Amino acid sequence: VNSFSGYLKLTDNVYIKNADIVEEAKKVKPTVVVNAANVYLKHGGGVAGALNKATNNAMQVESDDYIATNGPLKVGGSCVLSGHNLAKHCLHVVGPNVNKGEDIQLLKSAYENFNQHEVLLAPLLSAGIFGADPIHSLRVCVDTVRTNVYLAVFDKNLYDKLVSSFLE
Ligand SMILES: CC(C)[C@H](Nc1ncnc2[nH]c(-c3cnn(C)c3C#N)cc12)c1ccc2c(n1)OCCO2
């Protein structure tokens, strides 16, 4: 369906909204929802824990079966798995955790995965406890992604800061 509403249009293909990605997935029923994943697909906190709990742990069980047979992802990589009751597919993307010393250069690689999908509902990669500068993450998104991306940022102060910084 991909019926997104209430988003600010930043560029011809990048949109942003102050919202919880889980509530947006429930409302929109998107073709693809992006998970802010880690390499072993352990969906404990942040975006990942919220998406997993909304699937009543079906996402974690599926992720564990994937890791058992294929091993961990690489930083900057991704994996398409089921979207369960939230979306047709979930694109698990691993952005660098610069609070754990991972290279910020891999954030462009992480966003490049979005280009395989015409339209996506996504979080701001490597933000929050992953510790990348969120303004930098938004700029990398705008410069790298060519497909339609709807960013849901669940923090009004951060949303307002990103919008002000971009409108400069
Ligand atoms: C920068 C943050 C505002 C952003 N978080 C979010 N962005 C968008 N929709 C979100 N829903 C929730 C949510 C719903 N219920 N609960 C209990 C939570 C939690 N926690 C968080 C969330 C962000 C984005 C990238 C992340 C990350 N966090 O954490 C590390 C890895 O990469």
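We use all heavy atoms of the structure for the numbers below, so side chains are in, but hydrogens, waters and symmetry mates are not. We're numbering straight along the sequence, starting at 1. Whatever order the structure lists them in is the order used to number ligands and atoms, beginning at 1.
Protein non-hydrogen atoms do reach within 4.0 Å of atom 1 (C) of ligand 1. Proximity of atom 25 (C) of ligand 1 to the protein is indicated by at least one non-hydrogen atom lying closer than 4.0 angstrom.
Remark: of the listed residues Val145, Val119, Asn148, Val145 is the sole one forming a side-chain contact (heavy atoms from CB on, under 4.5 Å) with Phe114.
Atoms of ligand 1 found under 4.0 Å from any heavy atom of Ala152, numbered from 1 in the order shown, are 7 (N), 8 (C). Residue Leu124 has at least one heavy-atom neighbour below 4.0 Å for each of these atoms of ligand 1: 24 (C), 25 (C). Taking a cut-off of under 4.0 Å to the non-hydrogen atoms of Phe130, the atoms of ligand 1 that pass are 30 (C), 31 (C). The contact set between ligand 1 and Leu158, taken as ligand atoms under 4.0 Å from a residue heavy atom, comprises 1 (C). Close approach to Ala50 involves these atoms of ligand 1, each under 4.0 Å from a residue heavy atom: 13 (C), 14 (C), 15 (N), 16 (N), 18 (C).
Scanning all protein heavy atoms for the shortest distance to atom 29 (O) of ligand 1 gives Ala127 O, 4.0 Å. Of the protein's heavy atoms, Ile21 N, 2.9 Å lies nearest to atom 9 (N) of ligand 1. Taking atom 12 (C) of ligand 1 as the reference point, the nearest protein heavy-atom neighbour is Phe154 CD2, 3.5 Å. When hydrogens are left out, the protein atom nearest atom 19 (C) of ligand 1 is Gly46 O, 3.6 Å; that is the closest non-hydrogen contact. Among all protein heavy atoms, the one lying closest to atom 32 (O) of ligand 1 is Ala36 CB, 3.5 Å.
Atom CG of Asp12 sits in a sparse spot, with 12 or fewer heavy atoms from other residues, nucleotides or ligands closer than 6.0 Å. Taking a 6.0 Å sphere around NZ of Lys161, one finds it holds 12 or fewer heavy atoms contributed by other residues, nucleotides or ligands. More than 12 heavy-atom neighbours from other residues, nucleotides or ligands sit within 6.0 angstrom of CG on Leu167.
The shortest N or O to N or O distance between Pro123 and ligand 1 is not under 3.5 Å.
Judged by distance alone, the side chain of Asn115 and the main-chain N or O of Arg146 form a donor-acceptor pair under 3.5 Å. Checked by atom type and distance alone, the side chain of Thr144 never pairs as donor or acceptor with a backbone atom of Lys108 at under 3.5 Å.
Note on ring orientation: taking the six-membered ring where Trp is involved, the planes of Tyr150 and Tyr15 are parallel (angle under 30°, cut-offs 30° and 60°). Ring pair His92/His43 is parallel by interplanar angle, where below 30° counts as parallel and above 60° as perpendicular.
Using modelled atom types, one finds a donor on one side chain and an acceptor on the other under 3.5 Å when comparing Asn52 with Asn57.
Which of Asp20, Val94, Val47 comes nearest to atom 5 (N) of ligand 1 through a heavy atom is settled by distance: it is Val47.
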